[PDB]
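Atoms within each ligand, like the ligands themselves, are counted from 1 in listed order. Just so we're on the same page: letters track the sequence lines, and every chain starts at 1.
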There are 4 protein chains.
Amino acid sequence: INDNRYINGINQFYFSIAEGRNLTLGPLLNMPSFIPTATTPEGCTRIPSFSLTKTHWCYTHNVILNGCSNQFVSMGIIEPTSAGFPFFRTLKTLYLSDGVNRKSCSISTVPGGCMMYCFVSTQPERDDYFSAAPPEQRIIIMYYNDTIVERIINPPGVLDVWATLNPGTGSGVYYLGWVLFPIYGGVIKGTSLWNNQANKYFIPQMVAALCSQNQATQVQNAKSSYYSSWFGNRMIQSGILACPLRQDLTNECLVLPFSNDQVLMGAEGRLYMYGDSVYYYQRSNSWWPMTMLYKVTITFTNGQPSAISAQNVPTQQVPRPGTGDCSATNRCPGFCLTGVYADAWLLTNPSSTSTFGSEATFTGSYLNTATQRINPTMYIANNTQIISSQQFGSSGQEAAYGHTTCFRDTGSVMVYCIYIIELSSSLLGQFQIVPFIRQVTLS
Amino acid sequence: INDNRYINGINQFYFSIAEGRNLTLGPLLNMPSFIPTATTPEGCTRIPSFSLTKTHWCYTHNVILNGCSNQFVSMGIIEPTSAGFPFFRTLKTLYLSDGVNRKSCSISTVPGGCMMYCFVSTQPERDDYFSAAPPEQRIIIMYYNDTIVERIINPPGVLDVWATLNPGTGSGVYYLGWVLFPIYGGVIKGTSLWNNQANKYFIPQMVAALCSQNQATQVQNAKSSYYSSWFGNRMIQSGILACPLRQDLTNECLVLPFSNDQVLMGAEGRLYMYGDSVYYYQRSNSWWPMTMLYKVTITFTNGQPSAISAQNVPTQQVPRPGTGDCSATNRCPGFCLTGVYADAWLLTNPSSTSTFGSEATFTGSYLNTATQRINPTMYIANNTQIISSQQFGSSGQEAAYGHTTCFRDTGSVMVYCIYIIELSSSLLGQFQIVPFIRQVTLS
Amino acid sequence: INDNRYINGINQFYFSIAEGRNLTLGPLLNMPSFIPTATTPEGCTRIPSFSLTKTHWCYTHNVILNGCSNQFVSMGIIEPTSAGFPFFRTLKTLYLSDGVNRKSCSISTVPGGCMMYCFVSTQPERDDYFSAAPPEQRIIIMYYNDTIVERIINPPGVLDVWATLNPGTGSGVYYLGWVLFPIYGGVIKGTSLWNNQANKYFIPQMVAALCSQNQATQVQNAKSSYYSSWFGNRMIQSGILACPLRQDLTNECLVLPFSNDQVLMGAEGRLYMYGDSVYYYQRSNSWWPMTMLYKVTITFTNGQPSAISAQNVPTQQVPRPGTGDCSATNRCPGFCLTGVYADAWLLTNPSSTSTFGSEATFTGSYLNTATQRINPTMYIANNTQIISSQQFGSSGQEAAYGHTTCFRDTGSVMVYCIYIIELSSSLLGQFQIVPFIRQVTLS
Amino acid sequence: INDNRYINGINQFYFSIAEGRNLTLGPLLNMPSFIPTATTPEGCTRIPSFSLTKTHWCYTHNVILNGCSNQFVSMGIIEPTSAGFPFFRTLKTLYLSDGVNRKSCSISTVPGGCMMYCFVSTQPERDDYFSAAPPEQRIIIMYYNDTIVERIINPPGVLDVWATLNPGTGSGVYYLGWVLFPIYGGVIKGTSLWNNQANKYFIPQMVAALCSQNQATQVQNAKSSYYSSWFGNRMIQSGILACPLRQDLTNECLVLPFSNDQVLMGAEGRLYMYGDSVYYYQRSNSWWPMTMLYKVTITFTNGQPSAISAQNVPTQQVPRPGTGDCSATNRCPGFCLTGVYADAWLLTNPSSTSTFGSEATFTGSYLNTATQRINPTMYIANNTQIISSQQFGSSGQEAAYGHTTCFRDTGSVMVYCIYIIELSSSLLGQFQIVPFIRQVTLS
Ligand SMILES: *[C@@H]1O[C@H](CO)[C@@H](O[C@@H]2O[C@H](CO)[C@@H](O)[C@H](O)[C@H]2NC(C)=O)[C@H](O)[C@H]1NC(C)=O
Ligand SMILES: *[C@@H]1O[C@H](CO)[C@@H](O[C@@H]2O[C@H](CO)[C@@H](O)[C@H](O)[C@H]2NC(C)=O)[C@H](O)[C@H]1NC(C)=O
Ligand SMILES: *[C@@H]1O[C@H](CO)[C@@H](O[C@@H]2O[C@H](CO)[C@@H](O)[C@H](O)[C@H]2NC(C)=O)[C@H](O)[C@H]1NC(C)=O
Ligand SMILES: *[C@@H]1O[C@H](CO)[C@@H](O[C@@H]2O[C@H](CO)[C@@H](O)[C@H](O)[C@H]2NC(C)=O)[C@H](O)[C@H]1NC(C)=O
Ligand SMILES: *[C@@H]1O[C@H](CO)[C@@H](O[C@@H]2O[C@H](CO)[C@@H](O)[C@H](O)[C@H]2NC(C)=O)[C@H](O)[C@H]1NC(C)=O
Ligand SMILES: *[C@@H]1O[C@H](CO)[C@@H](O[C@@H]2O[C@H](CO)[C@@H](O)[C@H](O)[C@H]2NC(C)=O)[C@H](O)[C@H]1NC(C)=O
Ligand SMILES: *[C@@H]1O[C@H](CO)[C@@H](O[C@@H]2O[C@H](CO)[C@@H](O)[C@H](O)[C@H]2NC(C)=O)[C@H](O)[C@H]1NC(C)=O
Ligand SMILES: *[C@H]1O[C@H](CO)[C@@H](O)[C@H](O)[C@H]1NC(C)=O
Ligand SMILES: *[C@H]1O[C@H](CO)[C@@H](O)[C@H](O)[C@H]1NC(C)=O
Ligand SMILES: *[C@H]1O[C@H](CO)[C@@H](O)[C@H](O)[C@H]1NC(C)=O
Ligand SMILES: *[C@H]1O[C@H](CO)[C@@H](O)[C@H](O)[C@H]1NC(C)=O
Ligand SMILES: [Ca+2]
Ligand SMILES: [Ca+2]
Ligand SMILES: [Ca+2]
Ligand SMILES: [Ca+2]
């Protein structure tokens, strides 16, 4: 279990609206990395997932022997060092290496262990969208007492509805007895979902002022952005997978898709917990290149999640490198299928302002360039501007995904955020996933 | 505990004299590294120590926050991956961060845990040699059941005899109920040790053929090489520290110095176990730049180690970068105080030939250059030549210490050696200690 | 169920056209044989059939007590050994010994067990062709829960149409709810089948360049090759038997003959599964002595197989020992009735080239001689040449049928092929059916 | 469970003294072999162990990949074929392949499964005798419900008493709640066992009439035959290992050595069950080259085996190939260390004659030659002559160990004996262990 200095500073909004205005990033602090490195120049470690909770943390990433498989799992606690800052102490390690190609895995903390959700890849991504059958889905529970239970799940409404289903790779969350995971995939034309989603679209609140197209043109393009001709003519859908914490899971997990009137085209994502509220981060793999965060309201019918609703925190801040007419400078609706995973952590409560998210502050990392996965930069920002930032390495430095997480030392009363970034390395391995850590200072 | 595939392939001579002649190194294999990385550009991780035994392994290294402290400890088991090669699974982690400057630590496996030996540094190395008082010594026992017992030891014959005492940083060994650690330091003039060591010297068997000085000149210079005017005019001594496995250690550990007629000037080192025989690796910090390995015979008087004797395995292979008239090309006796730690693992038994070590084969890493810590290269070699080698990275690549360890997969019947090398990194940290792993093929 | 290392490497094309060009056979590996041996010098074990699927494998062969009956059935899973290679673990054995002379049996894997198809022999083969009545047909289902259900089937269009009907002995396949088995026999003159097949013939694409007869002469001879005067003046027909997976089968199995415009004279054969496509191997018992493989397209009318279409993979590689003017050196059409069963496994997808099968790669075993069943040799070959081969035993070594099957270890990422060959033995039994296994290396 | 035709014909004396006189061997019958074959020319399958009981049978043998490791285990039942003779139906298979070198394994049937006893070899046999420490011992229980429990046992009175301990490789037996295994090894000079065994010797009853030395010379030589200077100067001891049927065995198994006044020098062996009496077969690895069988009387003190007593069945029949002055023609006491394992099954009760074993009849296989492991021959014999025999293969045919077992078909009322012989093969593998089966006819 985590040290008393952290058990009460996890999964919360740490600053008040007023304080958020005076927040800045401190120097990067040096701690022993809990994320394993490759031991060959061509080894590839990618797609990390990190979950932290009151009692402990869970970590995992994919390992491919030659170029960019096995799945490395880690788990432990946080404890203070004599310098005052954290040390992620690993208490158990696991390496799922057995021939099953588990990919796009999302991990979540659960009482006594970690629950991981992966899908079994057996062909190029695109082929998964064309094949009417969905890839195999698996949820592995790994207890700290070293028991391991892996199950091949078959949730209702997936077969013959989703041509593919993938976990979002971002952390899932343990909520009211269930483990929720972000998911996405392609839905088949003619299905109820497809029909119920028909004619729906979502346009971020700050698009109008920045887009040059008219309201009617924008609406038409936005509607079309949820369908991909390149990916088997499927409706790219974002959603949540809810599994009850059991060791005999089969078809009890439920697929809850987001309404396309509240969310953009399906993509990778992450689920958060700020107090009793669930939040969702949706990668911007469509036309809008800015950070997308939503407050998720979950409805339970008879002790079972029956529907989800998402409210976007309106921003125009922190763009992501895209390709073509969907670079970080795009502002107009249309169909796009490019981007990067770059989640953000809300240091301030969006519900604290009279108008939801009118003044929000978040932190994370992003690749500062319009079309290249280059110039990784850690930052703090509000809805319209970046109020603090520090690029890592010299310009041209290649990077990829970035998972950010913050917690507070209730002893010293300071917030530390960990920025897990995939860095292109020149010495060992294709990428080196680094758990950068620094403080978020008030002043 | 280690997997059944390794429990019977540890601490042994794996090949016969005949087989050693046809051994070559395989490609480097990619496994998740169990050695933690720095998270800042200037963070320094150095001085590793690794001990592997039938049941498990222990690992540790020093961490300094800005440039080249805290001590990271790790422990776990070995298990096969679906590719056939090993995966060092960490089962527990520890970070000794509390203000005590533990340095030059050596670690050893012990039943149920790890025993580490460090000294507390409070001033520049040189000052330790001038001060008549020796630094404080500590042995920490860390059990897998998470109990930790640290003791400040005071072995007899240290106070007022040794101006300084340091662990060799190389792994110690658990032998017949005792934990043995390599040690070295400076002895004060006028002491019994100094007197008993008076006029003693050691000249490697293959020096004559390579040295141009005459037998009388060589003898005179060799005698003088054990005294350093730069390090407080002390006799630089190599030796072994033997501690009985107890949780209340005070003054039961015994300091057993090597006779200077059998060993070169004191330096860092490592202890090994090949079956029932103990072996010692002595860093070449003096005039002779080649790998020094000795078969150690331990004498017990009344259940207590009373004396050690060392027999050198004669070689002229694998030089180490030195400074001035003590580069890798030096062959003549004199006083030197330069070099690097580069241990070697004996893949063949030296006692198997009629004349001890007439045909020996060893493997390890070495810096291929005469005076610079550059061009790290993993190799296999006999007494006079390198029969297999592969440099890592492009020329100019900086590196430092290298700790090598081999074991066998009794399932697939192949030997794997792990080459832990301190690599100068350009991205994260001053150095990146990497646990390179590859196979030693017969053919 | 099979180990996770194989569940996803079964019934697929393992290499790309480009990779197929650099494939070679590895050394034979030693595993415990799952095929039972005779215990007397004259005992005869012959005619094996092997089916492997995602979950498990099925095996069977005929046993005759004195010289060349009972039917041995076996079933199990595949699991890795500490050497990395497979071990076919038998989980159940059966010996059908009850007075019913079940011959020419083909076996196929089915969910939860094996389905075997045999015919009851009561007289010399030739007599079966002269008698207007067809031998009795039986399909036995053997569940892993040890239930056994044998049925005497009577499919429509057999009585008074086929003077005889035999399973091809090669494995059948479980496809979309039905079990398909290769069949062959003789059709009576004057029947619809005979009439619809009238004037049809098939000439392999690579015959012209190798045959010296002119297009008109070849066509005439090919037409006549489907009729045997020696076997009761019947049209020797090849085909597929499709049975729905039921325990009360009577007349629901359907006989689907191949068009004689797409296939050569009827003979033994085997059915395969490469992804969602069905393939057929037709023994060369007629004039063309080279390996015959066809991609089978199955048409369903009202949930029932209604017609099959076959597309040949054009080759001139891997000949088979024949008699007279039909040796391995024959290239001209005519009537022949000699050959051996020697199937081949496609390591490459024939549909991957713009022109179907323009560059195909297959592996298997063949008897390297023109007219004798001698010199068994395992090989890898493309359409025109053998790119890798290794003969077994010394020249003159007698052998017979060869059934080849390949799968992949998704853990180590290597393909293993099993070459089941009937070997003439000198010690125990007439033949020793051996399951040779080796790897197919890329490089 | 076995068929009703055999459940009541196992582990008994099948013939009366009078009937034994008219017994002859029938022709070898052909059944599917339940003993797996090697799949490479150099693969080595050796050292089989077979246990048959009322309910089922257990089988196992050692597998070495190149030349003469893993351990193959098999288990099943016996059922009649339509020819009337048996068919050993395998119901489960296991392959212990994990890097642990389990050798000299003995197997025994136990309720619900098989219990196997092996020792872990890590060095040449001879070295085990010189090292004061005994090899590691293991007993593996394998249940038909597929549970497997392996334990590293440490019975009292082994450490520092036996320099080595090996199972006899012959089948053990389940007796009154305990599993008994034959064992042998070398005892250290100066131990209680050594002292209690001092001056003891055993001379077979029929030696005098055949030996030319006098009673005093014979006694002196016999005493010395229990000590081997070649095997570390140890007393070669034969004995029984008794383990209570538990899944948590540690030190409950008991080592019960035979008195050297009743048994010859230690060697491999087998334990039998004839009704309620236990019998022991001791390989003739010493001076006397004839078959050694003893009726074992076991004493229990407080529900625990406390002592064993052996009564020899006096014979001079069925010699075994030995080396030097210990060939099959030797009859004089002295020290020898050569021979072969060739057990025998008692078809007649030795206690049925007024004088124990005055007229005994046994069957088995033996190598008919004086010093070579050649000419395997199955036979039936009384104390002084071979009344029936049939050699296998042509002269010169190499073979090795032979394990014989008989049971009765209470339905047809005939006895079948299975002769498991290691045959040197020319086609596949070094040896082919064959389960020959034939009937023992009365008339
Ligand atoms: C490790 O912890 C888990 C979690 O408590 C244990 O899981 C229990 O497993 C049994 C069946 O094996 C279930 O009936 C219990 O309900 C589970 N507990 C719950 C509610 O989580 C697991 O057994 C533990 N490992 C052991 C046996 O030491
Ligand atoms: C995000 O932060 C920026 C920078 O702090 C805010 O911009 C400032 O707005 C105040 C008005 O409240 C002006 O006095 C400053 O001059 C602005 N800074 C400059 C020079 O850019 C911005 O308003 C914030 N966005 C919100 C309201 O959340
Ligand atoms: C963790 O393991 C160690 C090693 O067994 C335990 O150490 C024992 O400690 C007590 C005093 O606390 C000694 O008297 C024993 O002799 C020690 N055992 C020996 C011989 O090593 C330690 O107690 C264990 N931790 C716990 C209490 O769970
Ligand atoms: C160390 O290895 C080298 C290289 O294998 C040995 O040198 C070879 O010695 C043999 C004689 O035994 C010669 O036939 C070769 O020509 C030598 N190799 C070459 C060309 O350098 C060397 O002898 C070995 N050192 C020993 C004896 O341990
Ligand atoms: C062994 O498995 C088979 C396959 O499931 C069982 O077969 C069932 O048999 C009943 C009639 O006996 C049918 O009505 C079911 O439809 C069959 N199941 C199907 C659909 O395959 C068989 O009963 C099992 N053996 C037992 C009874 O344990
Ligand atoms: C089958 O394999 C053979 C051997 O690899 C191919 O023949 C080679 O063809 C290339 C041209 O692509 C030539 O450069 C080589 O010289 C040929 N090898 C020799 C010397 O025989 C053959 O073309 C392959 N058949 C196909 C096209 O599938
Ligand atoms: C073992 O069997 C042999 C052969 O049957 C016995 O020898 C026979 O003994 C009888 C006397 O009872 C003579 O009439 C025969 O002539 C002997 N057979 C020959 C010609 O060798 C022998 O006695 C048996 N051994 C015993 C007594 O167990
Ligand atoms: C942050 O700093 C500003 C400027 O120094 C100060 O006016 C403001 O009150 C601070 N915010 C709070 C309330 O912490
Ligand atoms: C090693 O290889 C050489 C050359 O192929 C061979 O002659 C030698 O016997 C091998 N060494 C051994 C005995 O393994
Ligand atoms: C196979 O080997 C050849 C020759 O080394 C190489 O050129 C070719 O690229 C390889 N094929 C592939 C793409 O795997
Ligand atoms: C065995 O055969 C002999 C000779 O035919 C006969 O005299 C004897 O009674 C038989 N033994 C018995 C009693 O079965
Ligand atoms: Ca799909
Ligand atoms: Ca000092
Ligand atoms: Ca007929
Ligand atoms: Ca020993």
Problem set entry | Side-chain donor or acceptor of B:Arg234 paired with backbone N/O of B:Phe130 under 3.5 Å | yes

For this session: Could you check B:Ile47 against B:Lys103 for side chain to side chain contact (heavy atoms under 4.5 Å, CB included), going step by step and ending with a plain yes or no?
Result: CA-CA 9 Å; B:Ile47 316 307; B:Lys103 298 285 194 175; over 6 Å; no

Problem set entry | Intermediate values then yes/no, side chain to side chain contact (heavy atoms under 4.5 Å, CB included), B:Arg102 and B:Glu136 | CA-CA 9 Å; B:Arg102 275 167 286 244; B:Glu136 178 174 287; over 6 Å; no

Can you give me a line-by-line list of nitrogen or oxygen pairs between ligand 1 and the protein shorter than 3.5 Å?
unit_1	atom_1	unit_2	atom_2	d
ligand 1	2 (O)	A:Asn145	ND2	2.4
ligand 1	7 (O)	A:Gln247	NE2	2.8
ligand 1	9 (O)	A:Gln247	NE2	3.3
ligand 1	25 (N)	A:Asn145	ND2	2.8
ligand 1	25 (N)	A:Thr147	OG1	3.2

Exercise. Which protein atoms of type N, O or S are found under 3.0 Å from the Ca ion (ligand 12)?
Worked result: A:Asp128 O, A:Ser131 O, A:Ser131 OG, A:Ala133 O, A:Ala163 O

Problem set entry | Results of ring-ring contact (aromatic ring centres under 6.0 Å, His included) for A:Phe335 - residues two or more places apart only |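 For A:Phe335, no residue satisfies ring-ring contact (aromatic ring centres under 6.0 Å, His included) once neighbours in sequence are set aside.
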
Pairs under 3.5 angstrom only: tabulate donor-acceptor contacts from the side chains of residues 176-186 of chain A to other protein residues two or more places apart or in another chain.
none

Exercise. In terms of the angle between their ring planes, are A:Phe50 and A:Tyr59 parallel, tilted or perpendicular, with boundaries placed at 30° and 60°?
Worked result: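 If you compare the ring of A:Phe50 with that of A:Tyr59, the planes turn out tilted.
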
Exercise. Which pair of heavy atoms, one from A:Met142 and one from A:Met116, lies closest together, and at what distance?
Worked result: CE-CB, 3.8 Å

Exercise. Do NZ/NE/NH1/NH2 and the carboxylate oxygens of A:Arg151 and A:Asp248 come within less than 4.0 Å?
Worked result: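 Here A:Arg151 does not pair with A:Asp248 in a salt bridge, since their nearest N and O are not under 4.0 Å apart.
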
For this session: Could you go through the ring-ring contact (aromatic ring centres under 6.0 Å, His included) check for B:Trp162 and B:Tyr129 one step at a time?
Result: CA-CA 9 Å; B:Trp162 298 66; B:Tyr129 287 85; 10.0 Å; no

